[PDB]
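Worksheet: the structure to be examined is printed underneath.
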């Protein structure tokens, strides 16, 4: 919703057991809403004391490992589980299938505020790094890099460049820092135009079928494969309204009785993983919240991408 | 009903060793036991367009653009040293015998009938015309394939190595004994009876064959050429690879055996070409055609099936061709 | 029905050996038997940036940073010894014959028609003009390519070896025999008659050609340049290597053969430049322009097809060119 | 573009290897590409090879990769006769210009 | 459990049984003729259908391989220049007049072979139709690669009757031609049971051998041989 005055690079963060089930329809890399919520929790915890705002997160995902296995005779996969403790009668409890993933991601954070002029860049960078080293990113603990060879501090780069060439060199150096990974971006325009292409191909086609067609490998008879522009993952694109926004004390057993609750349904969109050298600026990769609370639509996206 | 056996594999008689190439000088061939071997070296070739264009590369601009991108290659080359004009080729030939007996035969009764057919052949005429023609191919250096088309003088020495020592020596002139005529000579007849005793089963025959060719000082000698995997870059393409055994150029053994096999003159086509190799359906790779077609009923299989199954014995020339194929050997019978 | 054969592989005639390079002094050439061979050596070069820039390297500071880092190579150079102003180059040439007979062919009818066409050509006008032009290309040191360009005096000796001994010696003077004029000389007619006897199959011809060029004391000679795989570093990048056989710099045999093939003065463009090489589509790689384009129907393939199939015999110089292409050999046919 | 992206990605995981693997002994180890293969050997050698990558600024290696990319094109004369080869060479030159510019500022 | 006969293939399980993990299993082997192919251990619980579809991959692979192995030759009708191919015909047997050939400007049409060594003949269009009529390959001619030369000869003295396996290539079930036993019976003009004596082997009872004319007419109707 705003252009960041600076970009803070949180380095390689090893998230231990992240929620591999991103959505009721998708598994794998966690939701971008988890990353945006983590950055908002960082702004809630240490952002206010530094007189800065932390909005917008760019994910690089340097490493992914899924705690999964492939059973013999099946082409699908299953989630490795954890043994929950027994009940009070000594019996095994009912198992809820929860999957885990070891992530290694680096985050670009959009920083704007007067506190950037009040503190050194390395000071606020080290403060938000030591705050983020005791938090969670998708349900997993963050490994804070103890007793390895060379630890990685941040590099907060001011986006108000004095010259266009110096700004370009800064963005290319920051892209070179986060090199072995893929920027995950939102593709609402690509999914909508593919929906229009399928509607010209066949009418009454929903956005779900256009999302599904952009993920399966289509085999065409003369036997070739229908190509895709990018990786084109199905991402959770936010939450849509399923109920009116009830009063803060209205909903029974809410998390807090001061925040209003509204039952939601998952919104599914198309995301794309790209090499981060294929972007004009690294501020395009930032994932922003977008509530629009009168109509539900509690989305996260990448505005100012293309 | 005495049908043909489904499996009729035959072992080859007249097994040649790999023909090692060395380099040397004329009149030193009586002491050519220390001669340095011909080494397969490398040289770079730059080429322009010299093939037929398929009516789309015939435009002047496209042809000139193809000229400005020459095809650079590296070729394995075999040349004599500048003080060496003589190319020496040495191989051993082992004559086994028992050409009637197949290595594999499904039908006993067919095996007995084929053995009786070969026995009645040998009782009619032994391994004497075939051994004479094989001895003629020994005497001329037909195993020197392209190292004889421009050779000034070729000489072949054949030794009978009985107990690791020369039991009988023969020296020949490979240019006087041509590649066309199967004449008669006393030393050629003695080598014919030696190959006859080897092929019948009278004794063990091992022949050491040494060849000397007056090509020229530093000229290119032609070994057998290998097969190219075609994996590297187009600059160092390695279009041609020659055959060597231990840092030493050589001819393939089956090439020597095919050149000794070149005795078949009884094919139904004319004698304008001369002898061809004794193949089933009389195939010649250079001419790209098959003498002794199955349509003209003079291939090996029709002649053998008439000779064995229904006792229709062919002419003695076709009998020689059939027994020469049995000496040559192969996977006969239906797969 | 006489279609052109799909394969028409021709063995090359005028087979040259690899031309070894040694160095010495002038008028010691008669004692040039044990001259020290030219050895390829290494020398280091650093260079300024001197190619044409693409309008973005033309900035002053960026070009300044370019010249501040000169590029480094190790080039193989071939130089004479300082007590040597004369370069000796030795090769042998084999004249085979049977120029119209392909080594590999598909259609026997087309092969017989091409053989009859070549025999008809030999019948009216035998191998005399082509052999005279090849004698001229032996007479001038065209195989000393950049290697007689700045020579004060060039001399060529062509000896005829019969039984390991010299038969006819042809001492020449390559300054008199020009690189453009195909005149007549009695010794050149004698060499033409010898190459005529070799090309017609009358006898075996092996010629030892030695060229002495007076370049300068310790100057640069120009052997054949090889191909570099570029598997080293960038400082010692080895950007240029020169060809040698055994610690002795030399010229490639195909370069000598392309030098002897430069007899083609009958290309449809202007011949004031001089002779070009015998080749299909008349393609010289220095000019980058093909004379005898297939548009003008003066190339080898159109003339050969018109001569053999349609029996449209071309101009006499053009059938000289066609038979010279058959002498040089090729992979004519479908490619 | 995706292919040269993966080349950078390959170099990216070459940042995960040993600091001095390029200094090991060997007859052939692609020393022309070794200035970009191992950027960390400038930490290993103070002046033996650290100044070499700075002075040389190796950006021609992608041209070698372009040669490998020239093995990714079809061997069709219809493309070479028409302007399809011209468009292929234009987009190849633009993308390896971007690749060489990426490889130029590796020293920062 | 027992062998599943799919095409000429037999999925024969092993008599012995094992219990990998906590489940029973069986060594199932795919036989093409007397030759085994791909072998996989299938759990006893697996259904016969599961077994078949499981090996279906190997089955399909073999079929594809065979088709490629015996793909018929193809002659090209080209113009005088020879670079442009106006027509392509899948030949059954190459003509007996073609030789090393390349199209010449003299003749407008030339027939050539698909291989590099282009052997051919200069023919007009009516002779091209005549050659295409007498030497065309039927659509399922590749199965003639899998059949021996004795069962495909047109001479009765050299003709050998097909076995149960050789007939079972192309009669019923998941065959290479895809037809059923009743369809192959209706092609030959007789009822299903008389063809079932031809298909079923084992003992000499209900093992009448198919005649030469009936076998060649069946090959004609299935588009495998002689179907121009």
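Before moving on, here are some points about what is shown:
Which chain is which? They are A, B, C, D and E, in the order written, and residues in each are numbered from 1.
Just so it is clear, a residue touches a chain if its C-beta (ideal position, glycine included) is under 8 Å from a C-beta of that chain, and two chains touch if they have at least 3 such contacts.
Under the contact definition, chain A and chain D share no contacting chain. A comparison of C-alpha centroids places D closest to the centre of the full protein. Centroids built from CA atoms put chain D at 39 Å from chain C.
Taking each chain's centre as the mean of its C-alpha atoms, chain A lies 56 Å from chain E.
Between chain B and chain D, the centres computed from C-alpha atoms are 51 Å apart.
Chain D has no residue in contact with two or more other chains. Of all residues in chain C, those touching 2 or more other chains are 7, 105-106, 108, 333-334, listed in ascending order. Annotation, chain-chain contacts: A-D, B-C, B-D, B-E, C-D, C-E (touch as defined at the top). Here chain C touches chain B in the complex through residues 7, 11, 15, 17-18, 20, 90-92, 94, 96, 98, 103-106, 108, 161, 164, 204, 206, 208, 224-227, 229, 243, 245-246, 252-254, 279-281, 283, 285, 288-290, 293-295, 301, 330-335, going by the rule given at the top. Chain B contributes residues 54, 56-57, 59, 62, 233-234 to its touches with chain D in the complex. Taken in their complex, chain D has these residues touching chain C: 28, 30-32, 35, 52, 55-56, 58. Those residues of chain E lying in contact with chain C across their complex are 99-106, 110, 116-122. Residues of chain C touching chain E in their complex: 1, 3-7, 105-110, 305, 309-310, 333-334.
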